[PDB]
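Structure, as structure tokens:
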Amino acid sequence: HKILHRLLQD
Amino acid sequence: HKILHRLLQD
Amino acid sequence: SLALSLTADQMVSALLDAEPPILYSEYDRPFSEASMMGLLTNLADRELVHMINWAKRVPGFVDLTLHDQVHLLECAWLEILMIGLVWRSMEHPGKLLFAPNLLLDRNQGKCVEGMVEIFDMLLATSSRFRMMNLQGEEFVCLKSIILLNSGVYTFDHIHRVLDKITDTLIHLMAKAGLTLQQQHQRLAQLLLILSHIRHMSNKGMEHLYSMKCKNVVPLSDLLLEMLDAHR
Amino acid sequence: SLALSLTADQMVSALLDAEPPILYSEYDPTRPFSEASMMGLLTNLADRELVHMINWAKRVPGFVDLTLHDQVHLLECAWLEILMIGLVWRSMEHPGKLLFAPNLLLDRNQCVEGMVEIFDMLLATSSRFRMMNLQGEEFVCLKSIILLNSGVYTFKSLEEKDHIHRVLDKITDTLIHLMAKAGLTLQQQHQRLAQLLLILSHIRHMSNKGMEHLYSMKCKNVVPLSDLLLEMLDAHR
Ligand SMILES: C[C@]12CC[C@@H]3c4ccc(O)cc4CC[C@H]3[C@@H]1C/C(=C\c1ccccc1)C2=O
Ligand SMILES: C[C@]12CC[C@@H]3c4ccc(O)cc4CC[C@H]3[C@@H]1C/C(=C\c1ccccc1)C2=O
């Protein structure tokens with residue numbers, strides 16, 4: 001959900 | 001001036 | 001400067017002797033949350049007086065200009081209170097021993113807005129010390145380090161004294177029987193905890209300001225002047 | 001669970017290989033300076049560095065072994081600290097100056113409001129590193145320490161906490177390994193080790209003040225803040 005979350009998830 | 005000054009000198 | 005000529009044992013003994021006393025809170029139930037802020041601030045104010053006499057007994061601190069002493073104490077006084085609180089809360093898991101007659105838990109934090117978070121952090125630091133089995137001799141070194149270090153990059157003798165205390169900390173671990181590897185690891189662990197105590201102190205000053213701006217909780221002029229120094 | 005199996009040298013090379021690049025600002029010596037524009041330059045730079053930091057974090061040994069939720073928390077606590085230590089590291093050979101970017105080098109005659117105290121504090125940290133003659137190998141260790149340490153005590157099955165501490169210990173070993181390799185005596189190694197970690201307290205302190213000013217900048221709604229920056233900022237409140 002968070003941008004940091006998505007980037008980390010990528 | 002400063003309470004701290006007095007306490008440090010005492 | 002006499003400080004640098006001290007042996008490690010001499011450093012420890014001088015620091016243990018300088019230990020301020022454990023003060024008591026006012027007596028008499030559930031806490032109002034201006035009742036509680038009153039008790040705490042009153043306790044912090046009386047402790048500050050003893051802290052200033054402890055500080056003068058920390059080897060090398062007297063060798064400083066009055067203005068440099070003022071700066072270090074103004075910078076570190078909340079950190080120093082906190083590590084004291086954390087220290088005497090060790091043997092009381094889940095509890096913060098502000099005073100022998102003032103033992104609080106996380107629950108009682110909710111009384112004050114944004115007090116639960118520091119309670120948790122303080123409690124976290126305490127258990128961390130507990131699981132590290134922090135010795136009183138290591139504690140007095142850590143508290144001295146805070147006093148000299150926290151305000152130092154906001155100004156050379158001090159660094160020489162800081163090394164001295166580092167020497168003492170390592171000396172204390174070698175005597176406790178720790179291997180070489182375990183010695184620098186434990187040193188590192190302890191000093192990293194100081195970053196968090198710094199963090200807790202900064203969050204602490206924030207709430208003190210907004211508590212002052214509300215003028216509901218009585219603050220002593222001394223406390224106010226210490227608070228002003230961070231602004 | 002690789003991180004604990006790395007030799008000290010492999011730790012260093014791994015960290016050195018993961019080093020993010022030095023980005024450029026959009027500073028124009030043509031365009032007249034203003035508090036607003038200059039701050040927009042710094043927050044723009046910071047935003048772009050953040051993207052590299054996130055991908056650099058994933059290459060820090062042990063970090064990927066953490067839950068996604070823990071990774072998020074650690075970066076939210078440490079990002080500005082990591083920007084700040086990166087800043088003072090590349091500013092070392094510029095006494096009195098802060099190298100935000102190769103084309104943005106500030107002497108802190110900048111001026112802008114409320115930021116004086118830090119340029120001074122960042123400069124003090126930078127000069128401090130210079131006097132200690134900090135090495136790049138020691139630097140990347142410090143940076144990794146900040147990533148893992150800054151968020152550890154605000155993070156219950158707890159062995160993620162233990163694993164992180166195990167990694168931190170491993171990095172401590174790597175720092176000593178380097179200092180011994182540089183010819184330092186045992187006493188000297190411990191002292192240098194302590195000196196380095198104590199500076200992290202000041203970096204923590206600088207970062208705390210950092211978040212404070214960032215909040216005010218947001219509420220004053222003049223200097224543009226990116227969506228990622230605003231989300232990190234919300235994390236700290
Ligand atoms: C400053 C403080 C009140 C005094 C507390 C205290 C008193 C005596 C002592 O020996 C130790 C301490 C440590 C904590 C001090 C309180 C911190 C605080 C507010 C606060 C709120 C949120 C987060 C952090 C601090 C406070 O308001
Ligand atoms: C956050 C910051 C702007 C961005 C700065 C930055 C940018 C890139 C980079 O690589 C490093 C840094 C580090 C400093 C950052 C500035 C800190 C700040 C305000 C401020 C004001 C007073 C005290 C501390 C921080 C700021 O407003």
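Convention: sequence-line order gives letters A, B, ...; per-chain numbering from 1. Just the heavy atoms: all of them, side chains too, but no hydrogens, waters or symmetry mates, feed the values below.
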- prompt: Does D/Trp89 have D/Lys143 sitting over its ring (NZ/CZ under 6.0 Å from centre, angle to axis within 45°)?
  reply: no
message: Using the rule given for salt bridge (charged side-chain N to carboxylate O under 4.0 Å, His left out), can you reason through D/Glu93 versus D/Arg130, listing the C-alpha separation, both sets of side-chain angles and the distance that settles it, and then say yes or no?
response: CA-CA 7 Å; D/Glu93 300 170 328; D/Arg130 177 162 61 259; over 6 Å; no
To the nearest 0.5 Å, what is the distance between [atom1] on [X] and [atom2] on [Y]?
X	Y	atom1	atom2	result
C/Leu104	C/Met115	CG	CE	10.0 Å
C/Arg106	C/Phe119	CZ	CZ	10.5 Å
C/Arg128	C/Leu122	CZ	CG	16.0 Å
C/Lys56	C/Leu73	NZ	CG	10.5 Å
B/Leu4	C/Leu66	CG	CG	8.0 Å
C/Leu81	C/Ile197	CG	CD1	11.5 Å

Is the shortest heavy-atom distance from the side chain of [X] to the side chain of [Y] under 4.5 Å?
X	Y	value
C/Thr65	C/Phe155	no
D/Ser226	D/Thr43	no
C/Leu2	C/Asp63	no

Can any side-chain N or O of [X] pair as donor or acceptor with the backbone N or O of [Y] at less than 3.5 Å?
X	Y	value
C/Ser195	C/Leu191	no
C/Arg57	C/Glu19	no
C/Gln69	B/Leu8	no
D/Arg192	D/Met132	yes
D/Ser150	D/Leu147	no
D/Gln189	D/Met179	no
C/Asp105	C/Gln108	yes
C/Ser126	C/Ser89	yes
D/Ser207	D/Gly210	no
C/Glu225	B/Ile3	yes

query: Got a sec, which pairs hit salt bridge (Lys or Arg N to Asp or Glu O under 4.0 Å) with one end in residues 71-81 of chain C, sequence neighbours left out?
result: B/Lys2-C/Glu74, C/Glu79-C/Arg198
Does any donor atom in the side chain of [X] or [Y] lie under 3.5 Å from an acceptor atom in the other side chain?
X	Y	answer
D/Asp169	C/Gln189	yes
D/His202	C/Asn149	yes
C/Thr154	C/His71	yes

field: Sole candidate of C/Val140, C/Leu190, C/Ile165 that passes side-chain contact (heavy atoms from CB on, under 4.5 Å) when paired with C/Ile145
entry: C/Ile165
field: Pair D/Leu123-D/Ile118, side-chain contact (heavy atoms from CB on, under 4.5 Å): steps then yes or no
entry: CA-CA 8 Å; D/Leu123 286 169; D/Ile118 308 303; over 6 Å; no
Ignoring hydrogens, what is the shortest heavy-atom contact between [X] and [Y]? Give both atom names and the distance.
X	Y	value
C/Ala76	C/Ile146	CB-O, 3.8 Å
B/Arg6	B/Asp10	O-OD1, 2.8 Å
C/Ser32	C/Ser35	N-OG, 2.5 Å
D/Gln188	D/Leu184	OE1-CA, 3.3 Å
D/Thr125	D/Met206	OG1-CE, 3.4 Å
D/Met121	C/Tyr153	CG-O, 4.2 Å

message: Counting the benzene-type ring for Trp, do C/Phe98 and C/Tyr24 have ring centres under 6.0 Å apart?
response: no
query: Using the benzene-type ring in the case of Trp, are the ring centres of D/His190 and C/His171 under 6.0 Å apart?
result: no
query: Is the number of heavy atoms from other residues, nucleotides or ligands within 6.0 Å of NE2 (C/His67) greater than 12?
result: no
- request: Decide side-chain contact (heavy atoms from CB on, under 4.5 Å) for C/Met211 and C/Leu219; before the verdict, give the C-alpha distance in whole Å, the side-chain angles of both, and the deciding distance to 0.1 Å.
  value: CA-CA 9 Å; C/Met211 195 178 65; C/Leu219 298 169; 3.7 Å; yes
- request: For the pair D/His205 and C/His199, evaluate side-chain contact (heavy atoms from CB on, under 4.5 Å) and give the outcome as yes or no after the intermediate values.
  value: CA-CA 7 Å; D/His205 176 72; C/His199 181 69; over 6 Å; no
field: Electrostatic pair C/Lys175-C/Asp9, nearest N-O below 4.0 angstrom
entry: yes
From CA spacing to verdict: salt bridge (charged side-chain N to carboxylate O under 4.0 Å, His left out), D/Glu35, D/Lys220: CA-CA 13 Å; D/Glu35 301 174 353; D/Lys220 285 164 72 73; over 6 Å; no
Residue list, side chain to side chain contact (heavy atoms under 4.5 Å, CB included) with C/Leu48, at least two apart or on another chain: C/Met51, C/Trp77, C/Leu222, C/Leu223, C/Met226
task: Kindly indicate, with the supporting measurements, whether the criterion side-chain contact (heavy atoms from CB on, under 4.5 Å) is fulfilled by C/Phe31 and C/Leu102.
output: CA-CA 11 Å; C/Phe31 293 123; C/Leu102 193 51; 3.9 Å; yes
